[PDB]
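Trainee: Here it is: the structure, laid out below.
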Amino acid sequence: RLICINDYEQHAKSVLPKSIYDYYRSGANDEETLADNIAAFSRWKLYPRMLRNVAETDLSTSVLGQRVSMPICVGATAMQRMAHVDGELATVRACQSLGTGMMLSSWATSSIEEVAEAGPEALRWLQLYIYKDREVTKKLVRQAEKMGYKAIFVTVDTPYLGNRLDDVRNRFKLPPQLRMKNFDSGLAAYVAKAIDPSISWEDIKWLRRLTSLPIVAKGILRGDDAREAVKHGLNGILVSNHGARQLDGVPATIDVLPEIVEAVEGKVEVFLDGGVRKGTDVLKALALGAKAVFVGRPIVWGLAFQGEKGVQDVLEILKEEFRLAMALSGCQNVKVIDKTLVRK
Ligand SMILES: Cc1cc2nc3c(=O)[nH]c(=O)nc-3n(C[C@H](O)[C@H](O)[C@H](O)COP(=O)(O)O)c2cc1C
């Protein structure tokens, strides 16, 4: 049956209700960036070295000082229990099995505590939105800290929700037996009521004083903004267009990655998400300077197939495709994945 990430998406389309599949699949508006996040990877070509000795390929690396088994981590995707009953709990258990990290959504269908208890040994980080209610915001950060989450990924590209046309057509909302457990399109209205469109760099200063955990700015697309995040004492940049779900017509993340890596001058780690489906995608992102990449939708499709096992399978497919891509390119470990491997 399912031997690559595209197969898991096709299976998911066959077994999820239309409104749930569409919520997970959609991009904003005409979905130009959604297509480009995938097409852009294909424009970057690989220049493999031969005869390097790849008997022993080591995929391990570090994210903000914490070891991971591979440079492929789970990105925040809201409300995972729509795809499968165990939702976030499963994801975290799969991450623990694989030895990689899970970024937990602020809009999870499982609590910060339920997920930590399910994956105590897993590397876990919290994705944060700055809520209008700063007491809501602080108690999410404090709960992450106490529960041995290792970083905060603050999403900075969502003052308002993007306009995902299928959610508006389907009048998206949660199934009746589910909730966000940490507290037109139903979700766009929720954002308008709950999430602060006023936040500025002053709020980043606030958050940077609030916690000693590492903080990564998620959703940066400009070098100037990245340099501002470094000036504010943040510890990494996640180059992201929110899975193409926010402003349509922004570039693909793999295309803006080199500007961001150049702008930060090695001062903080730079990560990528958006369109990662294949081991060669991971290799290209690392060659252009990313420390690791995050996967969003493939994880949801792993849930839709077979829950915890299905997330494990998706992660193992990515790991094996990445291993093969490294070996065929002449790379024994991630430290030798250099810029000459790629050209656009
Ligand atoms: C269904 C879905 C729900 C998402 N929920 C969140 C969220 O709660 N918080 C967040 O910061 N980003 C959210 N994102 C954006 C993802 O973190 C990530 O940037 C994006 O999925 C990466 O692209 P990919 O799906 O192509 O891998 C979501 C994306 C999707 C598809």
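In chain A, numbers come from Swiss-Prot; the residues present are 4-186, 202-362, in order.
Per the header: X-ray crystallography, 1.3 Å.
Every residue, even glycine, has its Cβ placed from backbone N, Cα and C.
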Trainee: What residue among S72, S230, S347 has an entry for phosphoserine in Swiss-Prot?
Mentor: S230
Trainee: What recorded positions in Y132, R167, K184, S230, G293, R295 place CB under 6 Å from ligand 1?
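Mentor: Passing the 6 Å Cβ check against ligand 1: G293.
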Trainee: Restricting the comparison to the recorded positions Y26, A79, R167, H260, which residue's C-alpha is spatially nearest the C-alpha of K184 (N6-succinyllysine)?
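Mentor: Looking at Cα distances from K184 (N6-succinyllysine), the smallest one goes to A79.
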Trainee: Measuring Cα to Cα, how many Å separate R167 (glyoxylate binding site) from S230 (phosphoserine)?
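Mentor: Cα-Cα distance, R167 (glyoxylate binding site) to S230 (phosphoserine): 36 Å.
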Trainee: Measuring Cα to Cα, how many Å separate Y132 (glyoxylate binding site) from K236 (FMN binding site)?
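Mentor: Pair distance, Cα basis, whole Å: 10 Å.
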Trainee: Hey, how far is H260 (active site, proton acceptor) from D291 (FMN binding site), Cα to Cα, in Å?
Mentor: 8
Trainee: Report the member of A79, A81 (the binding-site residues) whose C-beta atom has the most other C-beta atoms within 10 angstroms.
Mentor: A79
Trainee: Can you grab the distance from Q130 (FMN binding site) over to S230 (phosphoserine)? Cα atoms, rounded to a whole Å.
Mentor: 15
